[PDB]
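Everything below concerns the one structure shown next.
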Amino acid sequence: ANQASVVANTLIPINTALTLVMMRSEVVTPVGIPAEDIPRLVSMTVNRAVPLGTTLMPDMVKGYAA
């Protein structure tokens, strides 16, 4: 139901470390990483450019395990 996921608040460039202004929570479908995981994700890197408005999926973040 209203499960919020991490959504790219701005384009996240490839190989760039995640910061708090890059991430918002949104109820979207399909569900991606939970919004409660935003502080765990800070300083992790993505492995592909994530365009504005994309749901961050587990497989996009280098070193992410829940």
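Residue numbering restarts at 1 for every chain of the structure tokens, chains are lettered A, B, ... in their displayed order, and ligands are numbered from 1 as they appear.
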Quiz prompt | Surrounding residues of residue 32 of chain A excluding itself and chain neighbours under 6 positions, 8 Å, only C-alpha atoms, as number ranges by chain | solution = A: 5-6, 55-58
Resulting file, chosen residues, C-alpha atoms, as a tab-separated table (two decimals), in the first residue's frame:
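Result written to result23.tsv:
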```tsv
chain	number	residue	atom	x	y	z
A	5	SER	CA	10.71	4.45	-1.64
A	6	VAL	CA	13.83	6.46	-2.21
A	55	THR	CA	13.18	5.01	-7.87
A	56	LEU	CA	16.47	3.83	-6.42
A	57	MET	CA	16.53	0.10	-6.71
A	58	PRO	CA	18.81	-2.17	-4.54
```
Quick one: residues within 8 Å of residue 54 of chain A, only C-alpha atoms, excluding same-chain residues fewer than 2 positions away - as a PDB file with N, CA and C atoms, in the first residue's frame?
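Written output follows (result28.pdb):
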```pdb
ATOM      1  N   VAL A   7      13.521   8.103  -4.023  1.00  0.00           N
ATOM      2  CA  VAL A   7      13.379   8.612  -5.389  1.00  0.00           C
ATOM      3  C   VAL A   7      14.466   9.683  -5.561  1.00  0.00           C
ATOM      4  N   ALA A   8      15.071   9.680  -6.757  1.00  0.00           N
ATOM      5  CA  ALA A   8      16.135  10.597  -7.145  1.00  0.00           C
ATOM      6  C   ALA A   8      15.551  11.989  -7.190  1.00  0.00           C
ATOM      7  N   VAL A  50      21.427   7.966 -12.438  1.00  0.00           N
ATOM      8  CA  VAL A  50      20.037   7.782 -12.074  1.00  0.00           C
ATOM      9  C   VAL A  50      19.342   9.082 -12.388  1.00  0.00           C
ATOM     10  N   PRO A  51      18.525   9.106 -13.422  1.00  0.00           N
ATOM     11  CA  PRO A  51      17.809  10.294 -13.850  1.00  0.00           C
ATOM     12  C   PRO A  51      16.818  10.860 -12.832  1.00  0.00           C
ATOM     13  N   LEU A  52      16.462  12.149 -12.916  1.00  0.00           N
ATOM     14  CA  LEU A  52      15.516  12.751 -11.974  1.00  0.00           C
ATOM     15  C   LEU A  52      14.177  12.008 -11.918  1.00  0.00           C
ATOM     16  N   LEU A  56      15.211   4.485  -6.662  1.00  0.00           N
ATOM     17  CA  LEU A  56      16.471   3.830  -6.422  1.00  0.00           C
ATOM     18  C   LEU A  56      16.141   2.382  -6.094  1.00  0.00           C
TER      19      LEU A  56
END
```
Practice problem: Using only C-alpha atoms, determine which residues lie at most 10 Å from residue 66 of chain A, disregarding the query and same-chain residues fewer than 6 positions distant; provide the list as a PyMOL selection string. | Solution: chain A and resi 33-34+37+40+58
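DSSP, applied to the backbone of this structure, assigns helix (DSSP H, G or I) to the following residues of segment 12-55 of chain A: residues 20, 21, 22, 35, 36, 37, 38, 39, 40 and 41 of chain A.
Pairwise distance (atom CA of residue 24 of chain A, atom CA of residue 9 of chain A) equals 5.7 Å.
Atom CA of residue 44 of chain A is found 19.9 Å from atom CA of residue 4 of chain A.
Using only C-alpha atoms, the smallest distance between any of A:10, A:20, A:15, A:31 and residue 60 of chain A comes from A:15.
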Quiz prompt | Proximity to residue 17 of chain A - best of A:39, A:63, A:45, A:29, only C-alpha atoms | solution = A:45
Practice problem: Write out as a PyMOL selection string each polymer residue whose atoms come within 6 Å of residue 19 of chain A, counting only C-alpha atoms; drop sequence neighbours fewer than 2 positions from it. | Solution: chain A and resi 21-22+42
